[PDB]
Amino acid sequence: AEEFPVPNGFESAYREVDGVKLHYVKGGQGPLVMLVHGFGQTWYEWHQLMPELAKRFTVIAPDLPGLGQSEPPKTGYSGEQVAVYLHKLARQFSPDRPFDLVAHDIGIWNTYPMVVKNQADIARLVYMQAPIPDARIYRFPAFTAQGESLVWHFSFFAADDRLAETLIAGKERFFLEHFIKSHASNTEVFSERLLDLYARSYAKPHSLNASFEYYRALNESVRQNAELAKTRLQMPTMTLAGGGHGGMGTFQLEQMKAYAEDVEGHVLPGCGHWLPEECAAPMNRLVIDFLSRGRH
């Protein structure tokens, strides 16, 4: 049973990690690259990039705990807790060599602590379209004069009394289409068919709840990162962001400069939050070229 179609030559499998069964899709040969998705999506957001990378790398794309076909975390949903699961999964497949990491949106929240605590395990790093949890997130506006506030949903999703789950239950397909398109520049790529696939996955009751638990743990993640950030990242790093509606623009690189010694950034014009789908050609090229600077 698969929620999304596996690309030719890839396998859908599971690995138990600290008592949590994680789902992932894997293919290719060579040094390992792990691709970590974000909110509203699953491993599938990577399905176009995966075959291209698999010509040079072993590629693994997991579902975040609780999302897609992965069981919820047994510890918690803060960045440091979730990162343990992802670090251990990657190291099962690359126990004696560093691996590459690509993360989108909350995939960043869930990987940053394991990158900073295990720097020698991370060869190259690509982060796109979300702030690393820190005090900067408290400076984003609730309401804007033009366009729409990028992160008002942080408060919605974090609210007590299971506000978001209670409102969104039974309306997952409607909500996800609005959420995705409102954060996009190239909305046309989100066909009803694709939206149906994503909606069916996050509408699983435990997945809808897990989605919001990441946001309920966000302040804890900020507190965790205040300590961890005392050590800068030393590996080559690339940031990507959309310059269109829904994009983070210059924020992504500007924040990362406070975290990394070796960083280059790109802002992709006419692209919003959903880079792998809205702007597949230029995004895939940037990622493939950047990772191919290392051995492959």
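Start at 1 and count along the sequence shown; that's the residue number.
- Looking at mean Cα B-factors across 64-72 and 259-267, the upper value is held by 259-267.
- When the mean C-alpha temperature factors of 120-128 and 177-185 are read from the deposited coordinates, 120-128 comes out higher.
- Taking the PDB entry at face value, the top CA B factor among 226, 168, 106, 101 belongs to 226.
- Per the deposited coordinates, the residue with the largest Cα temperature factor out of 139, 206, 193, 153 is 139.
- The deposited CA B-factor of residue 112 belongs to the middle third of values across its chain.
- Residue 46: CA B factor in the lowest third of modelled residues in this chain (values from the PDB entry).
- Per-chain ranking of the deposited C-alpha B factor places residue 56 in the highest third.
- In the PDB entry, a CA B factor belonging to the highest third of its chain's modelled residues is recorded for residue 248.
- In the PDB entry, a CA B factor belonging to the middle third of its chain's modelled residues is recorded for residue 38.
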